[PDB]
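Trainee: Before I ask anything, here is the structure I am working with.
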Amino acid sequence: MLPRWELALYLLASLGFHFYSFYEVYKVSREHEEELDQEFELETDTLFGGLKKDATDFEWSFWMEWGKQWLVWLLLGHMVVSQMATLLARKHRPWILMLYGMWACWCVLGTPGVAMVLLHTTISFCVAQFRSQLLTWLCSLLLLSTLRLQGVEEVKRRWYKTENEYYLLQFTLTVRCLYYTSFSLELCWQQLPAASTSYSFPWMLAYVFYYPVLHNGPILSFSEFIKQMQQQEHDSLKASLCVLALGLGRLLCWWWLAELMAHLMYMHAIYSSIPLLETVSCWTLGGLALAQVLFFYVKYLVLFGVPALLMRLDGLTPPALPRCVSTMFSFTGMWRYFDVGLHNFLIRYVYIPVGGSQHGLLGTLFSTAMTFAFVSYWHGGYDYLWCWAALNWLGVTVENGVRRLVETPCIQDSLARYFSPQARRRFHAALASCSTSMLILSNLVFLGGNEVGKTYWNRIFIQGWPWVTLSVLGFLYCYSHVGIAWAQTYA
Amino acid sequence: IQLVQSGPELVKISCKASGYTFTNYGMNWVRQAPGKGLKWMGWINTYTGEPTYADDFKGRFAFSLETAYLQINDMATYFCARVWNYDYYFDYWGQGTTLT
Amino acid sequence: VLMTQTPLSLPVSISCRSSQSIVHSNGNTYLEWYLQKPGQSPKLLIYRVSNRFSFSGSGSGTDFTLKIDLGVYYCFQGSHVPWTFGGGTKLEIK
Amino acid sequence: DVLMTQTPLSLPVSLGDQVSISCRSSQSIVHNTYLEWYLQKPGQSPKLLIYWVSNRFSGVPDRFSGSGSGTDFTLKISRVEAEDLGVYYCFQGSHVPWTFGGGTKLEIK
Amino acid sequence: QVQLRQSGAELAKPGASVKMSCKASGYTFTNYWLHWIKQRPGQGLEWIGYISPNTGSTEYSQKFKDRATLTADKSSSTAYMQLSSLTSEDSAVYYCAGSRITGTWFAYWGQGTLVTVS
Ligand SMILES: CCCCCCCCCCCCCCCC(=O)SCCNC(=O)CCNC(=O)[C@H](O)C(C)(C)COP(=O)(O)OP(=O)(O)OC[C@H]1O[C@@H](n2cnc3c(N)ncnc32)[C@H](O)[C@@H]1OP(=O)(O)O
Ligand SMILES: CCCCCCCCCCCCCCCC(=O)SCCNC(=O)CCNC(=O)[C@H](O)C(C)(C)COP(=O)(O)OP(=O)(O)OC[C@H]1O[C@@H](n2cnc3c(N)ncnc32)[C@H](O)[C@@H]1OP(=O)(O)O
Ligand code: HEM
């Protein structure tokens, strides 16, 4: 609806601050390489012509190490075994895949790993036999809490020899919580006759020990899983070989892009250096914020793409991969489209049961508060996580409140009769700039902690109020036009 | 075990259920027009409150819960029937409401 | 799913036939026979194929049959959404 | 705020043996682990030996090793070389404004 | 590399003050911190606080607040620590230490100054 040239200028301005801010961050690193090298070990590899990589994120490095050693072979084994089952005995495929998942869990995490996954699943199943929402949620919450206790943690660490395997067990158990909670709640709600046969203990075990999603993979709905595992209609093995090749090309491109970002910009080492963060330029601050969120986006492309590719080979429909974070302009849109699987879990099992969006204003606040509180507790329940949850809860609330206010017939008619449609788009973009500034700030707390958040708040809004703040707001205003204009294509 | 409906009507039909825990089982609605046979219209989950409708009953009709009391909002007579958990569908039926 | 019953009215064997196989994805065939007296509500007779709810007609495959008071008999499938009722078979008094 | 405890206060050892020194914290310092070990020889100034719980410094020998997971940490010397007679301090880092441990003294004789 | 040089030994009097300095050299980044550590003659080490010579930032320990004052000179890259209301318990060796880019580890140390409060 905007004139073509105006939107073209917005796109140029948006691309401009991304790339110039990236240049600023690249220069600050390469200026403090020696200072950063003695506090953080910069890895040396021949991937980018002699640059050194920052390996401080701990999530990229942890999963990359496990993949080089064990995980890639086990995932590749899953697709080989899955194809053999379909060709030979497709009716029994779910149990074969479950059996492979148990063995793969064992050869990585020992007897204790398989034993603890089974114990959590068994307790959950037995409690679910009571057909109560409340009891199931309490049981899941207690099981989750046991992970984060001091005495339990000491006992767990004695089981393994390297603390790297202990972290893997923690990741695996945290993910399994959502799977068996989902199964137990669906069992509590089952009322149709034909569906009664899909809530047996063997089906729970097959859902839990499904290898592509065992360690970190996204939450996959139980409804999709059960429907495909009973299909007995394979999909032309040649076509599966075709889709594997295309998926591998895109996955390798994403991995190379993430590696490039780490070699060029030491964003993770720099957030670990608070005194340096307080003396870099404001352009450097903006570039560091942008690079952090984009690295997080690309990392989860890779981290969810591998399970997604395996599931598509199996004939499943995985949750959608994240939309690029350079296209997100609001709190509501961000949490609908980044982690689609987790968003679906929260809508079905946390949001609606509390009674969201039906009791009016007060009910919506309470429902959203519960959802954000669980996701904060599920991530570890640290202080910075609660700060992030409070900010995100507040942002979503304000967006919904404003949305309802402008959709009132009186105000809607008044603004329609007095303001042109193009002007209406401009105030929507202007307001989204303030929304997206706060959105970036909240997720910086998630990525870097309370200290990073306080540094950014003081150096963007207080120390540099009249002019630094306005430049950031003006750039985000152009950025928001691009995001809203693009969102008219999927939303 | 009783399912009593809201008499003749000339719109909201009610179905009140007795003798069993109301939240355990779902509730179904069917219609029988004088010139044709039975037609299933849809059902509602009496635990979560989530109904599904047949394709040709979409939009105009809605199911509502008032938990041991269930409502639906065209010369057919409408029956509410309780659906079992497994192995068979319609165990008990209401006596019907005649709509004119 | 659409079904037909034959014959419509027989004085004193009801056959229910479907275009699509009635086997559900879970491995069960959900087909039932209901009896409705004149002026009353339908009553369940055999809770699945060949097994009685409280007669004892049996069938298999696509075609289904019921063997052996006065009323109208309907055949019902629950395996494929939306669930579908039969035409109904009037049973004559004579 | 964090209280840091060191065990033992003194430690006799013969040349060439292995020494183990323990440090305990009232609060977990894991973020990376914010713990350091410092060496002070009797006539000299403290010298930073280990940082980030187990990372050795530049120039320090290979016989020094640091480990620990939660509130419990240890520093081990595989073979004392008689140039190791000093006082060793554990030291929690940027988790809180810094506090030192009591100090463990090695006496060859 | 970075080298720290401290001032001379001082003989205070009870109920007096001493001001002792520390000059840094060879730093390659802007925001570096200078910490002050106290050591009693047979006892351990205790951190007093840090000053930022060219940023002005300070932190103190709860024990030594309201008795210690940290000052700096940007041009000479020097730091000053002053103690007031001295008593015999303040006789010690006070070290100046310097941190690296994170501010977490004391990688450089001075020779320490001996303060005798008599
Ligand atoms: C330049 C770059 C800038 C940007 C840079 C950004 C940062 C980029 C880096 C990020 C860095 C890492 C950051 C953390 C990353 C994680 O860790 S990801 C994991 C964290 N995830 C979250 O935080 C999730 C947040 N929570 C949610 O999304 C909650 O579910 C929400 C907020 C309550 C959802 O709210 P909502 O989507 O607005 O819901 P709403 O539309 O009101 O209702 C939903 C649906 O319910 C349906 N519904 C059905 N029945 C009912 C019923 N009975 N009652 C109510 N609704 C019902 C409705 O119909 C509705 O669907 P529609 O009909 O509208 O289609
Ligand atoms: C551990 C202890 C220490 C922890 C240490 C942590 C430290 C951590 C950091 C420090 C922290 C410190 C403490 C402060 C912390 C905060 O700064 S509190 C921050 C709270 N965050 C927020 O308030 C975010 C939300 N702000 C916003 O402005 C809202 O997002 C929005 C933009 C108003 C939402 O609106 P929306 O949902 O985009 O509305 P929407 O209808 O979609 O679009 C705008 C509409 O306006 C309509 N419109 C047209 N003309 C107009 C007009 N003249 N006016 C208005 N609307 C108009 C448009 O037509 C459009 O409707 P559509 O055309 O799209 O149908
Ligand atoms: C203002 C700047 C940018 C805009 C408007 C933008 C826009 C988009 C759009 C529209 C897509 C379409 C697919 C989707 O929505 O998921 C996309 C995908 C993507 N973007 Fe961006 N982007 C920007 C900057 C960046 C940057 C700086 C990076 C990397 C550092 C990046 C990485 C990606 C990747 C990896 C994909 C997915 C490619 C794929 O799915 O095959 N984008 N972006």
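FYI, nothing fancy with the structure tokens labels: chains A, B, ... in order, residues from 1 per chain, ligands from 1 as they appear.
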Which parts of chain E does DSSP call strand (DSSP E or B) when run on the backbone here, written out as a ChimeraX atom specification?
Mentor: /E:3-6,10-12,18-25,34-39,45-51,58-60,68-73,78-83,92-99,106-109,113-117
Trainee: Since we have the selection now, will you write its residues out, keeping C-alpha atoms, as a PDB file, in the first residue's frame?
Mentor:
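To be explicit, this is the file written out as again.pdb:
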```
ATOM      1  CA  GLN E   3      54.026  -3.341  35.128  1.00  0.00           C
ATOM      2  CA  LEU E   4      52.842  -1.836  38.432  1.00  0.00           C
ATOM      3  CA  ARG E   5      55.005   0.363  40.663  1.00  0.00           C
ATOM      4  CA  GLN E   6      53.937   1.437  44.159  1.00  0.00           C
ATOM      5  CA  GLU E  10      54.989   4.708  55.556  1.00  0.00           C
ATOM      6  CA  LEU E  11      55.110   5.137  59.331  1.00  0.00           C
ATOM      7  CA  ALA E  12      51.739   6.503  60.397  1.00  0.00           C
ATOM      8  CA  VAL E  18      48.062   7.651  54.948  1.00  0.00           C
ATOM      9  CA  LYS E  19      47.707   8.069  51.196  1.00  0.00           C
ATOM     10  CA  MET E  20      49.541   5.531  49.056  1.00  0.00           C
ATOM     11  CA  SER E  21      49.766   5.451  45.272  1.00  0.00           C
ATOM     12  CA  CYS E  22      50.136   2.943  42.446  1.00  0.00           C
ATOM     13  CA  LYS E  23      51.197   3.699  38.867  1.00  0.00           C
ATOM     14  CA  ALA E  24      50.324   1.346  36.015  1.00  0.00           C
ATOM     15  CA  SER E  25      52.201   0.980  32.754  1.00  0.00           C
ATOM     16  CA  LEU E  34      43.299  -1.449  39.934  1.00  0.00           C
ATOM     17  CA  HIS E  35      42.543  -3.366  43.121  1.00  0.00           C
ATOM     18  CA  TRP E  36      43.921  -2.901  46.618  1.00  0.00           C
ATOM     19  CA  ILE E  37      44.643  -5.941  48.791  1.00  0.00           C
ATOM     20  CA  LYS E  38      45.636  -5.946  52.460  1.00  0.00           C
ATOM     21  CA  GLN E  39      47.816  -8.567  54.135  1.00  0.00           C
ATOM     22  CA  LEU E  45      44.772 -11.632  51.801  1.00  0.00           C
ATOM     23  CA  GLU E  46      41.659  -9.463  51.790  1.00  0.00           C
ATOM     24  CA  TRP E  47      40.390  -7.330  48.926  1.00  0.00           C
ATOM     25  CA  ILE E  48      39.554  -3.710  49.758  1.00  0.00           C
ATOM     26  CA  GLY E  49      38.187  -2.296  46.510  1.00  0.00           C
ATOM     27  CA  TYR E  50      38.991  -1.268  42.971  1.00  0.00           C
ATOM     28  CA  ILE E  51      39.328   2.047  41.145  1.00  0.00           C
ATOM     29  CA  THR E  58      34.714   2.194  42.109  1.00  0.00           C
ATOM     30  CA  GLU E  59      33.677  -0.759  44.196  1.00  0.00           C
ATOM     31  CA  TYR E  60      34.372  -1.356  47.862  1.00  0.00           C
ATOM     32  CA  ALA E  68      38.959   3.783  52.610  1.00  0.00           C
ATOM     33  CA  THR E  69      38.856   6.242  49.723  1.00  0.00           C
ATOM     34  CA  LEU E  70      40.023   5.459  46.192  1.00  0.00           C
ATOM     35  CA  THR E  71      41.108   8.228  43.825  1.00  0.00           C
ATOM     36  CA  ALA E  72      42.852   8.281  40.463  1.00  0.00           C
ATOM     37  CA  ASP E  73      44.677  10.443  37.937  1.00  0.00           C
ATOM     38  CA  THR E  78      47.872   6.380  38.885  1.00  0.00           C
ATOM     39  CA  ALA E  79      45.619   5.275  41.731  1.00  0.00           C
ATOM     40  CA  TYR E  80      45.492   6.435  45.342  1.00  0.00           C
ATOM     41  CA  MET E  81      44.099   4.621  48.359  1.00  0.00           C
ATOM     42  CA  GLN E  82      43.661   6.536  51.606  1.00  0.00           C
ATOM     43  CA  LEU E  83      42.932   5.121  55.054  1.00  0.00           C
ATOM     44  CA  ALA E  92      49.927  -4.420  57.084  1.00  0.00           C
ATOM     45  CA  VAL E  93      51.378  -4.741  53.600  1.00  0.00           C
ATOM     46  CA  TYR E  94      48.991  -3.276  51.040  1.00  0.00           C
ATOM     47  CA  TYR E  95      49.251  -4.554  47.484  1.00  0.00           C
ATOM     48  CA  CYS E  96      48.083  -2.961  44.268  1.00  0.00           C
ATOM     49  CA  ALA E  97      46.869  -5.508  41.739  1.00  0.00           C
ATOM     50  CA  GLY E  98      45.765  -5.120  38.156  1.00  0.00           C
ATOM     51  CA  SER E  99      43.102  -7.065  36.296  1.00  0.00           C
ATOM     52  CA  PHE E 106      44.530 -10.217  39.327  1.00  0.00           C
ATOM     53  CA  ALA E 107      47.316 -10.850  36.822  1.00  0.00           C
ATOM     54  CA  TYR E 108      49.712  -8.056  37.839  1.00  0.00           C
ATOM     55  CA  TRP E 109      50.948  -7.216  41.328  1.00  0.00           C
ATOM     56  CA  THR E 113      53.910  -1.019  50.770  1.00  0.00           C
ATOM     57  CA  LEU E 114      54.543  -1.614  54.459  1.00  0.00           C
ATOM     58  CA  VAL E 115      52.372   0.538  56.734  1.00  0.00           C
ATOM     59  CA  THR E 116      53.378   0.765  60.395  1.00  0.00           C
ATOM     60  CA  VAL E 117      50.790   2.468  62.591  1.00  0.00           C
TER      61      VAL E 117
END
```
Trainee: Show me, as a list in words, the residues that have an atom within 8 Å of residue 29 (chain C) when counting only C-alpha atoms, minus same-chain residues fewer than 4 positions from it.
Mentor: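 Non-adjacent residues within range: residues 22, 23, 24, 48, 49 and 79 of chain C.
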Trainee: Out of A:456, A:85, A:229, A:264, which residue has the shortest atom-to-atom distance to residue 51 (chain A) when counting only C-alpha atoms?
Mentor: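 For residue 51 (chain A), the nearest of the given residues is A:264.
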Trainee: Near residue 79 (chain B), within 7 Å and counting only C-alpha atoms, which residues show up once chain neighbours fewer than 4 positions away are dropped, as a ChimeraX atom specification?
Mentor: /B:29-31,93-97
Trainee: Restricted to N, CA and C atoms, what would the selected residues look like written as a PDB file, in the first residue's frame?
Mentor:
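Output saved as again-v1.pdb:
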```
ATOM      1  N   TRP B  29     -24.863 -35.160  19.796  1.00  0.00           N
ATOM      2  CA  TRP B  29     -26.169 -34.691  19.362  1.00  0.00           C
ATOM      3  C   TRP B  29     -26.446 -35.285  17.992  1.00  0.00           C
ATOM      4  N   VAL B  30     -27.642 -35.840  17.805  1.00  0.00           N
ATOM      5  CA  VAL B  30     -28.071 -36.321  16.499  1.00  0.00           C
ATOM      6  C   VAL B  30     -29.471 -35.787  16.236  1.00  0.00           C
ATOM      7  N   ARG B  31     -29.835 -35.722  14.960  1.00  0.00           N
ATOM      8  CA  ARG B  31     -31.141 -35.227  14.556  1.00  0.00           C
ATOM      9  C   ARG B  31     -31.823 -36.220  13.632  1.00  0.00           C
ATOM     10  N   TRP B  93     -29.566 -42.543  25.722  1.00  0.00           N
ATOM     11  CA  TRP B  93     -30.107 -41.495  24.875  1.00  0.00           C
ATOM     12  C   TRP B  93     -31.156 -40.702  25.637  1.00  0.00           C
ATOM     13  N   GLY B  94     -31.276 -39.423  25.294  1.00  0.00           N
ATOM     14  CA  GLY B  94     -32.391 -38.639  25.772  1.00  0.00           C
ATOM     15  C   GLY B  94     -33.632 -38.866  24.938  1.00  0.00           C
ATOM     16  N   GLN B  95     -34.786 -38.501  25.493  1.00  0.00           N
ATOM     17  CA  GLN B  95     -36.029 -38.859  24.823  1.00  0.00           C
ATOM     18  C   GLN B  95     -36.310 -38.000  23.599  1.00  0.00           C
ATOM     19  N   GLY B  96     -35.540 -36.954  23.363  1.00  0.00           N
ATOM     20  CA  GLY B  96     -35.766 -36.180  22.163  1.00  0.00           C
ATOM     21  C   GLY B  96     -36.534 -34.902  22.435  1.00  0.00           C
ATOM     22  N   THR B  97     -36.326 -33.913  21.569  1.00  0.00           N
ATOM     23  CA  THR B  97     -37.078 -32.667  21.589  1.00  0.00           C
ATOM     24  C   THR B  97     -37.549 -32.374  20.179  1.00  0.00           C
TER      25      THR B  97
END
```
Trainee: Hey, which residues sit close to ligand 1? Say within 7 Å, counting only C-alpha atoms and all ligand atoms, and write them as a PDB file with C-alpha atoms, in the first residue's frame.
Mentor:
```pdb
ATOM      1  CA  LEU A 290      22.043  -7.729  16.447  1.00  0.00           C
ATOM      2  CA  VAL A 293      20.120 -12.592  18.300  1.00  0.00           C
ATOM      3  CA  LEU A 294      21.035 -13.567  14.744  1.00  0.00           C
ATOM      4  CA  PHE A 296      20.921 -17.537  18.270  1.00  0.00           C
ATOM      5  CA  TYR A 297      18.499 -17.747  15.335  1.00  0.00           C
ATOM      6  CA  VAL A 325      14.590 -12.574  13.723  1.00  0.00           C
ATOM      7  CA  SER A 326      15.283  -9.631  11.414  1.00  0.00           C
ATOM      8  CA  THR A 327      11.599  -9.872  10.463  1.00  0.00           C
ATOM      9  CA  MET A 328      10.134  -9.816  13.993  1.00  0.00           C
ATOM     10  CA  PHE A 329       8.670  -6.542  15.204  1.00  0.00           C
ATOM     11  CA  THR A 332       3.138 -11.507  20.088  1.00  0.00           C
ATOM     12  CA  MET A 334       7.952 -13.283  18.115  1.00  0.00           C
ATOM     13  CA  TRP A 335       6.532 -15.967  20.399  1.00  0.00           C
ATOM     14  CA  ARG A 336       4.170 -17.324  17.757  1.00  0.00           C
ATOM     15  CA  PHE A 338      10.273 -18.610  16.783  1.00  0.00           C
ATOM     16  CA  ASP A 339       9.754 -21.860  18.708  1.00  0.00           C
ATOM     17  CA  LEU A 342       6.972 -25.048  22.220  1.00  0.00           C
ATOM     18  CA  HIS A 343       4.359 -22.415  21.374  1.00  0.00           C
ATOM     19  CA  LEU A 346       2.068 -23.984  25.769  1.00  0.00           C
ATOM     20  CA  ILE A 347      -1.169 -23.075  23.990  1.00  0.00           C
ATOM     21  CA  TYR A 351      -2.713 -21.522  28.196  1.00  0.00           C
ATOM     22  CA  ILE A 352      -6.176 -22.908  27.398  1.00  0.00           C
ATOM     23  CA  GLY A 355      -8.776 -20.322  30.588  1.00  0.00           C
ATOM     24  CA  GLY A 356      -7.007 -17.856  28.355  1.00  0.00           C
ATOM     25  CA  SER A 357      -8.689 -15.277  26.147  1.00  0.00           C
ATOM     26  CA  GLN A 358     -12.178 -16.197  27.364  1.00  0.00           C
ATOM     27  CA  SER A 367      -3.265 -17.119  31.741  1.00  0.00           C
ATOM     28  CA  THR A 368      -0.309 -15.368  30.109  1.00  0.00           C
ATOM     29  CA  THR A 371       2.510 -19.585  30.664  1.00  0.00           C
ATOM     30  CA  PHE A 372       5.530 -17.312  31.048  1.00  0.00           C
ATOM     31  CA  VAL A 375       8.643 -21.428  30.602  1.00  0.00           C
ATOM     32  CA  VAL A 396       2.544  -9.273  25.353  1.00  0.00           C
ATOM     33  CA  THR A 436      10.775  -3.893  19.240  1.00  0.00           C
ATOM     34  CA  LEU A 439      11.773  -6.796  22.767  1.00  0.00           C
ATOM     35  CA  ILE A 440      15.480  -6.676  21.892  1.00  0.00           C
ATOM     36  CA  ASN A 443      16.090 -11.043  24.899  1.00  0.00           C
ATOM     37  CA  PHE A 446      18.100 -13.853  28.225  1.00  0.00           C
ATOM     38  CA  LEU A 447      21.296 -14.087  26.179  1.00  0.00           C
TER      39      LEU A 447
END
```
Trainee: As an MDAnalysis selection string, please: every protein or nucleic acid residue near ligand 2 (cut-off 6 Å, counting only C-alpha atoms and all ligand atoms).
Mentor: chainID A and resid 383 394:395 398:400 402:403 424:425 427:428 431:432 434:435 438 450 453:454 457
Trainee: Kindly compile the residues surrounding ligand 3 within 10 Å, counting only C-alpha atoms and all ligand atoms, and format them as a PyMOL selection string.
Mentor: chain A and resi 10-19+22+247+249-251+253-255+257-258+260-261+290-299+301-302+320-328+337-338+476+478-483+486-487+489-490
Trainee: Taking C-alpha atoms for each residue, export the selection above as a PDB file, in the first residue's frame.
Mentor:
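Output saved as selection-v3.pdb:
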```pdb
ATOM      1  CA  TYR A  10      13.126   1.670   4.419  1.00  0.00           C
ATOM      2  CA  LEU A  11      14.731  -1.546   3.175  1.00  0.00           C
ATOM      3  CA  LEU A  12      17.961   0.288   2.327  1.00  0.00           C
ATOM      4  CA  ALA A  13      18.079   1.902   5.773  1.00  0.00           C
ATOM      5  CA  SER A  14      17.369  -1.425   7.477  1.00  0.00           C
ATOM      6  CA  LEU A  15      20.109  -3.254   5.570  1.00  0.00           C
ATOM      7  CA  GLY A  16      22.383  -0.288   6.235  1.00  0.00           C
ATOM      8  CA  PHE A  17      22.464  -0.427  10.006  1.00  0.00           C
ATOM      9  CA  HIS A  18      22.778  -4.227  10.068  1.00  0.00           C
ATOM     10  CA  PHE A  19      25.865  -4.258   7.885  1.00  0.00           C
ATOM     11  CA  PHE A  22      28.511  -5.689  11.912  1.00  0.00           C
ATOM     12  CA  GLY A 247      18.108 -30.867   3.326  1.00  0.00           C
ATOM     13  CA  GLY A 249      22.694 -28.665   1.444  1.00  0.00           C
ATOM     14  CA  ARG A 250      20.644 -26.192   3.472  1.00  0.00           C
ATOM     15  CA  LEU A 251      21.896 -27.546   6.811  1.00  0.00           C
ATOM     16  CA  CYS A 253      24.914 -23.679   4.547  1.00  0.00           C
ATOM     17  CA  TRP A 254      23.435 -22.758   7.930  1.00  0.00           C
ATOM     18  CA  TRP A 255      26.357 -24.321   9.819  1.00  0.00           C
ATOM     19  CA  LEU A 257      27.070 -19.200   8.271  1.00  0.00           C
ATOM     20  CA  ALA A 258      27.114 -19.706  12.045  1.00  0.00           C
ATOM     21  CA  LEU A 260      31.538 -17.462   9.907  1.00  0.00           C
ATOM     22  CA  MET A 261      29.773 -15.250  12.439  1.00  0.00           C
ATOM     23  CA  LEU A 290      22.043  -7.729  16.447  1.00  0.00           C
ATOM     24  CA  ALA A 291      24.787 -10.343  16.103  1.00  0.00           C
ATOM     25  CA  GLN A 292      23.737 -12.067  19.340  1.00  0.00           C
ATOM     26  CA  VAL A 293      20.120 -12.592  18.300  1.00  0.00           C
ATOM     27  CA  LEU A 294      21.035 -13.567  14.744  1.00  0.00           C
ATOM     28  CA  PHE A 295      23.579 -16.123  15.955  1.00  0.00           C
ATOM     29  CA  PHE A 296      20.921 -17.537  18.270  1.00  0.00           C
ATOM     30  CA  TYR A 297      18.499 -17.747  15.335  1.00  0.00           C
ATOM     31  CA  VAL A 298      21.015 -19.486  13.057  1.00  0.00           C
ATOM     32  CA  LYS A 299      22.122 -21.855  15.817  1.00  0.00           C
ATOM     33  CA  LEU A 301      18.082 -23.369  12.614  1.00  0.00           C
ATOM     34  CA  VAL A 302      20.855 -25.962  12.808  1.00  0.00           C
ATOM     35  CA  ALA A 320       7.981 -25.067  11.497  1.00  0.00           C
ATOM     36  CA  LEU A 321      11.543 -23.802  11.723  1.00  0.00           C
ATOM     37  CA  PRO A 322      11.983 -20.286  13.159  1.00  0.00           C
ATOM     38  CA  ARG A 323      11.341 -17.229  11.047  1.00  0.00           C
ATOM     39  CA  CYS A 324      14.308 -14.891  10.729  1.00  0.00           C
ATOM     40  CA  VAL A 325      14.590 -12.574  13.723  1.00  0.00           C
ATOM     41  CA  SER A 326      15.283  -9.631  11.414  1.00  0.00           C
ATOM     42  CA  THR A 327      11.599  -9.872  10.463  1.00  0.00           C
ATOM     43  CA  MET A 328      10.134  -9.816  13.993  1.00  0.00           C
ATOM     44  CA  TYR A 337       6.885 -17.924  15.171  1.00  0.00           C
ATOM     45  CA  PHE A 338      10.273 -18.610  16.783  1.00  0.00           C
ATOM     46  CA  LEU A 476      13.933   0.546  14.297  1.00  0.00           C
ATOM     47  CA  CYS A 478      12.383   1.833   9.281  1.00  0.00           C
ATOM     48  CA  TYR A 479      13.034  -1.779  10.299  1.00  0.00           C
ATOM     49  CA  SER A 480       9.425  -2.117  11.494  1.00  0.00           C
ATOM     50  CA  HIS A 481       7.992  -1.047   8.134  1.00  0.00           C
ATOM     51  CA  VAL A 482       9.885  -3.896   6.487  1.00  0.00           C
ATOM     52  CA  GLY A 483       8.651  -6.385   9.070  1.00  0.00           C
ATOM     53  CA  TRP A 486       6.530  -8.681   4.943  1.00  0.00           C
ATOM     54  CA  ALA A 487       4.194 -10.105   7.592  1.00  0.00           C
ATOM     55  CA  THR A 489       2.463 -12.414   3.404  1.00  0.00           C
ATOM     56  CA  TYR A 490       1.977 -15.065   6.093  1.00  0.00           C
TER      57      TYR A 490
END
```
Trainee: Using only C-alpha atoms, which residues sit within 12 Å of residue 56 (chain D) once same-chain residues fewer than 5 positions away are excluded, as a PyMOL selection string?
Mentor: (chain A and resi 38-39+41) or (chain D and resi 35-38+48-51+61-67+75-76)
Trainee: Take the selection from the previous step and output its residues with N, CA and C atoms, as a compact mmCIF listing (two decimals), in the first residue's frame.
Mentor:
```
# COMPACT_ATOMS: atom_id res chain seq x y z
N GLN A 38 43.83 -14.29 26.05
CA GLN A 38 44.36 -14.76 27.32
C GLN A 38 43.30 -14.95 28.39
N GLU A 39 42.09 -14.46 28.18
CA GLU A 39 41.00 -14.71 29.11
C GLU A 39 40.02 -15.75 28.60
N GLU A 41 39.79 -18.84 25.57
CA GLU A 41 40.58 -19.59 24.60
C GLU A 41 39.92 -19.48 23.23
N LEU D 35 36.54 -19.17 39.78
CA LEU D 35 37.48 -19.50 40.88
C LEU D 35 38.92 -19.39 40.36
N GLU D 36 39.83 -18.92 41.22
CA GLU D 36 41.24 -18.78 40.87
C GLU D 36 42.10 -19.26 42.02
N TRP D 37 43.33 -19.64 41.68
CA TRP D 37 44.34 -20.05 42.64
C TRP D 37 45.57 -19.18 42.47
N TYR D 38 46.09 -18.69 43.60
CA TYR D 38 47.24 -17.80 43.67
C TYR D 38 48.33 -18.42 44.53
N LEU D 48 49.29 -15.18 40.15
CA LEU D 48 48.10 -15.92 39.65
C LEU D 48 48.53 -17.24 39.00
N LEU D 49 48.03 -18.37 39.50
CA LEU D 49 48.41 -19.71 38.96
C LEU D 49 47.31 -20.31 38.07
N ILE D 50 46.07 -20.34 38.55
CA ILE D 50 44.94 -20.99 37.81
C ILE D 50 43.75 -20.03 37.74
N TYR D 51 43.05 -20.00 36.60
CA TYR D 51 41.83 -19.16 36.44
C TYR D 51 40.74 -20.01 35.79
N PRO D 61 53.96 -24.56 35.51
CA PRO D 61 54.26 -25.93 35.08
C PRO D 61 53.02 -26.79 34.94
N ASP D 62 53.22 -27.97 34.37
CA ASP D 62 52.11 -28.89 34.11
C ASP D 62 51.68 -29.66 35.35
N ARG D 63 52.47 -29.65 36.42
CA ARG D 63 52.12 -30.44 37.59
C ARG D 63 50.96 -29.84 38.38
N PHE D 64 50.64 -28.57 38.16
CA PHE D 64 49.50 -27.95 38.83
C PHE D 64 48.22 -28.25 38.06
N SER D 65 47.20 -28.74 38.77
CA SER D 65 45.93 -29.05 38.14
C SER D 65 44.79 -28.60 39.04
N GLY D 66 43.80 -27.93 38.47
CA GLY D 66 42.64 -27.49 39.21
C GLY D 66 41.40 -28.22 38.74
N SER D 67 40.51 -28.53 39.68
CA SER D 67 39.25 -29.17 39.33
C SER D 67 38.22 -28.84 40.39
N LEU D 75 43.04 -28.19 44.16
CA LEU D 75 44.27 -27.96 43.41
C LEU D 75 45.26 -29.04 43.78
N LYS D 76 45.81 -29.71 42.77
CA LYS D 76 46.68 -30.86 42.97
C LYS D 76 48.03 -30.60 42.32
```
Trainee: Counting only C-alpha atoms, which of E:118, E:77, E:90, E:110 gets nearest to residue 41 (chain E)?
Mentor: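 Using only C-alpha atoms, the shortest distance to residue 41 (chain E) belongs to E:90.
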Trainee: Please provide as a list in words all residues within 9 Å of residue 23 (chain B), with the sequence filter that same-chain residues fewer than 5 positions apart are discarded (counting only C-alpha atoms).
Mentor: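 Answer for this query is residues 45, 46, 47, 48, 67 and 68 of chain B.
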